[PDB]
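Asks: Before anything else, here's the structure in question.
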RNA sequence: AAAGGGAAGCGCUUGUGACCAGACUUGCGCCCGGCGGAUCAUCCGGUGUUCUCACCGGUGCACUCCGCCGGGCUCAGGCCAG
RNA sequence: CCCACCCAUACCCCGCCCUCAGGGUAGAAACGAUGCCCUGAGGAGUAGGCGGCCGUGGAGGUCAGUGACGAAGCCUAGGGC
RNA sequence: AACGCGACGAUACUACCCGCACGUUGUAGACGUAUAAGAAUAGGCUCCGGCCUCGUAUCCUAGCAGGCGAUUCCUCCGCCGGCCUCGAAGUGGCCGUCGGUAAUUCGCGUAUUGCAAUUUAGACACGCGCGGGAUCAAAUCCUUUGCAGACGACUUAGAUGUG
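Protein chains in written order, with the authors' numbering: chain LP, 2 to 154, 168 to 185; chain Le, 2 to 127; chain LO, 2 to 204; chain LE, 68 to 140, 148 to 200; chain Lf, 2 to 109.
This is the structure in structure tokens:
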């Protein structure tokens, strides 16, 4: 399997992956953008607070006609939510990555989430019944999640220009 | 070797002719198409619009099909093909075909260095 | 044609349209222009004609929402001059904005422009353009009648500035006199060959 | 800088000197299109026209150019040859001898030209 | 020490390109030279070299300063505005920028 | 990586930043010196031809030819320019 | 009324491209003669008419054609015509 | 004015201030980027003699991009300290110290950047550095309040107390 971040070597980094997970792609993307670039323990604590309704994930792109809250001031926005399902899935993946890092022997407390990417999985094709004998799609939009934790860490001058450099060097 | 003496190679136009609305639709290729509508502004030649190719853009017959080095490309597939440029190392440059294997490429490059004829992309597959 | 770092123009005795055209040409050419004392600026014609023009300008406003898009009526003389300048400049272009940022207009002469040399524009002076007998009005008077509140404050600030300028005037007169007797006393000790050569050359 | 013309060479080239003890300009070549001719004419009774002909002779300034550049490549001042030094002295001895007769001409030729505000070169007389 | 300047050029301002009311030809530029007001005054500066000097971001060959060169071709109008032809047309951001008109090639 | 004060996209022309394709690395011709060889020209016999021209073997023996190595000289060589 | 100035694809000169026209080229040391050399004029275009080339699938001949030391395909702010 | 402005309080740090040390740091664009009366124009200015189309003027302007040493001069400029002074968007006057200074003359150097190639030279702001001087703070989430409220937002209270 190939990750999107092929530049990161696996010698001193940990990775976790999850495919065809029945969790909302938009909410998972917002949660990943919330926890991107963070320390692992801080990210785990923040996701537990998102479950416990204490810290909110700001709604940045997928945020049309959403609610406003006082907890978005920690991000500098007004719209923020609590995707607890995406939070649970991401704690599962982050604990898997922490376990893989302990298996590799890396220092757990010095790991940051260098890479995290959420992509659109193949959709679940349910149907719903409407008025006038019509049937519309009632599809689910799953996502593929991957994440990587890393340890925190005068030529061709002219003759005249040569002359002026020599003269100001002398004087 | 060096190319023979020639007139200065002049290009009347260096920008490619784009199809109208090819920048606005991805179903339209950038290859040139003549607008045939009766009220199309490009066809009616309003100012500020796309120009059309015409015979006034044609380059000089003395510099026709010539690279800026002064050579004309000759596509080559084998040693017997590069031997055909024994007389034209001052005006013709061999261009190796894309599907020629590496050993044959090395043999053609060696023979072309012997003949003194320029190979355009001799740094390939090295 | 002389290039300066910045040109300060006293607004007194100038004509609005001609001065605005001249300074707009200078700004678009690249000359930095500061105009002071816009309260003493002049507009030709009788004063009720300018009152007609400004009240007709007051009639215009966006009907559905006067807080956006409408003609915003700046009552200050300097802002009226700025509107006249801006109407002669492509202000919706980047070049027009970059020219308009080179202009400053004020009421009275605020410091430190009070201690800087002020130019006058002969092509826009009333005494050099208007025929005698023709009426004229004051932009400051028009502004005061249409709602500019700061006529008297500018008046008393200009009064105190004129008092300080008068004090600087007797200092400058004293310096001019003592320079005159300095030159007269030094004239005895000038080498005669130096005197004759300088007189021959023109000083 | 302000120099004195010795003689006019071929193809727009002029041969000038400072003199070297007045402003620091040695025997040098300039171009006639890159100079402004003034109304001051230094009198040349006493200068040696044989050495003027020798310095006006071609290959005088460029015979050892390659050797000097190869020798030059802590910075050090390039050595001026004894021929150039003796020729400069032989030209300029009579030059300062004639210049010091005219008052403050040495200060003029030591002073460098500069433009002030209000100096209009289409109205300035040189 | 010396308290003098070192300017051996004459200043100018770059106005615009050769243009009509709508169409604009950047192949020829319009300049005011400092202190010229007449066609006779501008006739001196015909054929003089002209240099426009600007600054860049990168360091190439020991300089962050680039120069575009040209020459004065012909007078324009009656107010001493001159036409200049360069090796590369001037940037349109340089409307109002200062330019250096040389005293060479001289016919004095 | 970049732009955004009620559209973007497009043509000409510069400029800015990033990234690249060519060309050049010396050749040609003499004058010397040092090498290494006799594929020099004539004559003879045979062979094939365009029926007067070439090849092969005897053929050179060093002021003749063919390559190499050091210099020197002449010429032509990329871009921007005066 | 007078003077000067600004500019269109309009006119003059020059280069280039195409079309058309008018010419030359074998006891051939002689040519993609279906070629080359010289000169002049013109260049918008719907319905419409005509000519030359580019590309796609397959067949005969040929290139003693290319190819697992990589064919076809696809990606490419990388280039040349 | 959510891209107008002012005053005040507290300001932890990699924050603040001072010195120099420079920017492959940025600027609608330095090259002497010099120059303050007010007022009238069928009237003004003054030294009180007279003067006024004219700024075509005044200041400054010479030296390795401006050196070194004398002769000579007490002229000009700049940094600091003191006393005053400057509120229209605040800065100048005097004194004192120090440093530089062709107004006159002379002596040694200038070359070689090769016959032009911006003359890389200034200001503001920004950043990385040292060596020092000064200071140990707030806001938000959370709980609570109902003078408020769709949610945000607003009025409150949470650190020893009249909680």
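Every residue, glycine too, gets a C-beta built ideally from N, C-alpha and C.
Looking at the structure shown, is residue 98 of chain LE part of a helix, part of a strand, or coil, going by DSSP?
Replies: The answer is strand: DSSP assigns residue 98 of chain LE an E or B state.
Asks: Output the distance between the C-alpha atoms of residue 122 of chain LE and residue 81 of chain LE, rounded to the nearest integer angstrom.
Replies: When rounded, the distance between both Cα atoms is 12 Å.
Asks: For residue 134 of chain LO, tell me which candidate among LO:46, LO:32, LO:36 and LO:28 has the shortest Cα-Cα distance.
Replies: With distances taken between Cα atoms, residue 134 of chain LO lies closest to LO:46.
Asks: Can you determine whether any heavy atom of the ligand ZN sits closer than 7 Å to the C-beta of residue 89 of chain LP, and answer yes or no?
Replies: This structure lacks the ligand ZN; in fact it carries no ligand of any kind.
Asks: What residues in its chain sit with their C-beta under 8 Å from that of residue 107 of chain LE, if we drop five residues either side in the sequence?
Replies: 179 and 182, listed in sequence order.
Asks: Mind pulling the chain LE residues with CB within less than 9 Å of residue 107 of chain Lf?
Replies: Chain LE residues near residue 107 of chain Lf: 99, 100, 101, 102, 103 and 104.
Asks: Going by other Cβ atoms of all chains shown within 10 Å of its Cβ, with 16 needed for buried, is residue 70 of chain Lf buried or exposed?
Replies: It counts as exposed.
Asks: List in chain order: all unbroken alpha helix (DSSP H) runs of 4+ residues lying wholly within the region 19–104 of chain LP.
Replies: Whole alpha helix (DSSP H) segments, 4+ residues: 26–36 and 41–52.
Asks: Count the C-beta pairs between the region 55–67 of chain LP and the region 79–98 of chain LP that are closer than 8 Å, then say yes if the count reaches three, no if not.
Replies: Yes: the two stretches touch, three or more of their Cβ pairs being nearer than 8 Å.
Asks: Considering only DSSP beta bridges, list what residue 11 of chain LO is partnered with.
Replies: According to DSSP, which records beta bridges pairwise, residue 11 of chain LO is partnered with LO:37.
Asks: List the whole-angstrom C-beta distance separating residue 118 of chain Le from residue 83 of chain Le, where the pair is believed to meet the contact cut-off of C-beta under 8 Å.
Replies: With 8 Å as the limit, residue 118 of chain Le and residue 83 of chain Le qualify as a contact, their Cβ atoms being about 7 Å apart.
Asks: From residue 52 of chain LP to residue 68 of chain LP, what does the alpha carbon distance come to, in whole angstroms?
Replies: So the two alpha carbons sit approximately 17 Å from each other.
Asks: Express the C-alpha separation of residue 92 of chain Lf and residue 95 of chain LE in angstroms, rounding to a whole number.
Replies: Rounded to the nearest angstrom, the two C-alpha atoms are 39 Å apart.
Asks: Take residue 14 of chain Le as the anchor and find which of Le:100, Le:122 and Le:61 has the nearest alpha-carbon.
Replies: Checking every option, the nearest Cα to that of residue 14 of chain Le belongs to Le:61.
Asks: Could you check the C-alpha separation between residue 100 of chain Lf and residue 14 of chain Lf for me, to the nearest Å?
Replies: Straight-line Cα distance between these residues: approximately 6 Å.
Asks: In whole angstroms, what separates the C-alpha of residue 38 of chain Le from that of residue 19 of chain Le?
Replies: Rounded to whole angstroms, residue 38 of chain Le to residue 19 of chain Le spans 17 Å at the Cα level.
Asks: Starting from residue 23 of chain LO, follow the alpha helix (DSSP H) in both directions and report where the run begins and ends.
Replies: Its alpha helix (DSSP H) spans residues 17–30.
Asks: Quick one: what does DSSP say residue 122 of chain LE is sitting in, helix, strand or coil?
Replies: Helix.
Asks: How is residue 142 of chain LP classed by DSSP in three states: helix, strand or coil?
Replies: Coil at residue 142 of chain LP, not helix or strand.
Asks: Please report the residue range of the alpha helix (DSSP H) in which residue 172 of chain LE lies.
Replies: Per DSSP, residue 172 of chain LE belongs to the alpha helix (DSSP H) from 156–173.
Asks: Would you say residue 40 of chain Lf and residue 84 of chain Lf are within 8 Å of each other, going by their C-beta atoms?
Replies: Contact: no.
Asks: Excluding five sequence neighbours on each side, which residues of the same chain lie with their C-beta closer than 6 Å to the C-beta of residue 98 of chain Lf?
Replies: Correct list, in chain order: 15.
Asks: Give the single residue among LE:124, LE:109 and LE:91 whose Cα lies nearest to the Cα of residue 169 of chain LE.
Replies: Nearest of LE:124, LE:109 and LE:91 to residue 169 of chain LE, Cα basis: LE:109.
Asks: Do you know offhand how far residue 117 of chain LP's Cα is from residue 65 of chain LP's?
Replies: Their backbone Cα atoms lie some 24 Å apart in a straight line.
Asks: Give a yes or no on whether the C-beta atoms belonging to residue 7 of chain Le and residue 59 of chain Le are separated by under 8 Å.
Replies: Result no, Cβ atoms of residue 7 of chain Le and residue 59 of chain Le do not sit closer than 8 Å.
Asks: Once DSSP output is grouped into helix, strand and coil, what is the label at residue 175 of chain LO?
Replies: It is helical.
Asks: Does the separation of the CB atoms of residue 144 of chain LP and residue 175 of chain LP fall below 8 Å?
Replies: The answer is no: Cβ separation not under 8 Å.
Asks: Please name the residues in the region 25–39 of chain LO whose beta-carbon is closer than 9 Å to at least one beta-carbon of chain Lf, in chain order.
Replies: For the region 25–39 of chain LO, which is checked against every Cβ of chain Lf, the residues closer than 9 Å are 28, 29, 30, 31 and 32.
Asks: So, under 8 Å CB-CB, residue 164 of chain LE and residue 115 of chain LE are touching, yes? Tell me the CB distance rounded to an integer number of Å.
Replies: Between residue 115 of chain LE and residue 164 of chain LE the Cβ distance is about 6 Å, and since that is below 8 Å, they are a contact.
Asks: Hey, out of LP:24, LP:11, LP:172 and LP:171, whose CA is closest to residue 106 of chain LP's CA?
Replies: Of the listed residues, the one whose Cα sits closest to residue 106 of chain LP is LP:11.
Asks: Between the beta-carbon of residue 180 of chain LP and the beta-carbon of residue 125 of chain LE, is there less than 8 Å?
Replies: No. Outside cutoff.
Asks: Which residues in the same chain have their Cβ closer than 8 Å to the Cβ of residue 105 of chain Lf, if we skip the five residues on either side of it in sequence?
Replies: The residues are 49 and 50.
Asks: Would residue 149 of chain LE count as contacting chain LP if we go by Cβ distances under 8 Å?
Replies: Output row for residue 149 of chain LE: interface = yes.
Asks: Taking the beta strand (DSSP E) that residue 72 of chain LE falls in, what are its first and last residues?
Replies: Its beta strand (DSSP E) spans residues 71–75.
Asks: Whose C-alpha, out of LP:9, LP:87, LP:63 and LP:62, is nearest the C-alpha of residue 45 of chain LP?
Replies: It is LP:87.
Asks: What residue does the beta strand (DSSP E) around residue 195 of chain LO start on, and which one ends it?
Replies: Premise fails: residue 195 of chain LO lies in the alpha helix (DSSP H), 193–202, not in any beta strand (DSSP E).
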